[PDB]
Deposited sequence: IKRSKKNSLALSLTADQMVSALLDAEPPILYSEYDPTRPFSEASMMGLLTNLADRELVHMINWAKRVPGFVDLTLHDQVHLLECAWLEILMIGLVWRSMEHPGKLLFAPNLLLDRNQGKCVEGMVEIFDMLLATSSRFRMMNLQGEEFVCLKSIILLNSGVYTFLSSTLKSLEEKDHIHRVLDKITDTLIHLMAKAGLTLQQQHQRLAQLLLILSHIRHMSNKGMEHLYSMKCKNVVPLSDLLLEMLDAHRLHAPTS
């Protein structure tokens, strides 16, 4: 029996909020990246450090620790880029037209154009960001969504499955709880719930497109990829 299912809605929220990874910085340098090398250099370095925080974050997601080590590995291998991207989109919410990879690294689509096949992904991220903004997405909602991605994205590529789906149900309850607390009507609740979960389909799309692009520069040998990033990437092929 998992502790996750015995948690109340507010306990679930507080657990996720406190498990939140910090916002990392990129290297301090006013040199705005335009070359493919320098931009991807800054992005890989950042992604690599964020991955270590993500791993220790995932272990603090209720129900994740009850999974076998292998299942934990599979879910992270499947979801990591989605988790990075929705984080990026969340951080960039209050910066319209901008992507806040780090507080000292604000990228616009003009810089995305300066790598081949990147601007389309930039535009999708920017659209998701403005979408988050027009919905007035809250932090409590954000952490629920990120947890959903972690548990859902690799669940159909597998009784620990029923466990994941019970935990998934628990998060749904938590999302509804947050909307009820925010004063939303019953109709507004299931409409907003649906709106949030449909964006996950787009997040999945961006991750898949990104994964293709990362495989290219990996085969290109453009930019130095760490062994950890290489292993996460190989899991998708």
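- Note: segments 1-6, 165-172, 252-257 of the deposited sequence have no C-alpha coordinates in the structure.
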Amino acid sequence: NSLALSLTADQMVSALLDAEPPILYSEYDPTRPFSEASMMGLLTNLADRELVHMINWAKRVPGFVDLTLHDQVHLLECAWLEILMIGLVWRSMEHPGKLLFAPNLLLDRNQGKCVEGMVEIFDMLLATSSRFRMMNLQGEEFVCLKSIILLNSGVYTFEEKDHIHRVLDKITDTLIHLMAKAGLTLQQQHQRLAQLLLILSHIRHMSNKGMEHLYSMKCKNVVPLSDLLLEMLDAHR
From here on, numbers count along this sequence of modelled residues.
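In this text, rigid core is short for the largest set of C-alphas that superpose within 1.5 Å between two forms.
- Farther on average from this form in 8 other deposited structures of this protein lies stretch 113-121, the comparison being between 97-105 and 113-121 by RMS Cα distance after core superposition.
- Using the rigid core as the fitting frame, the root mean square C-alpha deviation in 8 other deposited structures of this protein is greater for 20-28 than for the other of 5-13 and 20-28.
- Checked against the other entries of this protein, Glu159 counts as unresolved in at least one third of those spanning it.
- The question of which stretch, 77-85 or 100-108, has the higher mean Cα B factor is settled in favour of 100-108.
- Taking the PDB entry as given, 23-31 carries the higher mean Cα B factor of the two stretches 50-58 and 23-31.
- Among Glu159, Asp123, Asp71, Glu141, the highest C-alpha B-factor recorded in the PDB entry belongs to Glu159.
- Note on the listed residues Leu137, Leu150, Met118, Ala127: the highest Cα temperature factor in the record is that of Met118.
- Ranked by Cα temperature factor within the chain, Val155 sits in the middle third according to the deposited record.
- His177: CA B factor in the middle third of modelled residues in this chain (values from the PDB entry).
- Per-chain ranking of the deposited C-alpha B factor places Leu184 in the middle third.
- The PDB entry assigns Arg133 a C-alpha temperature factor belonging to the middle third of its chain's modelled residues.
- Ranked by C-alpha B-factor against the other modelled residues of its chain, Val65 falls in the highest third.
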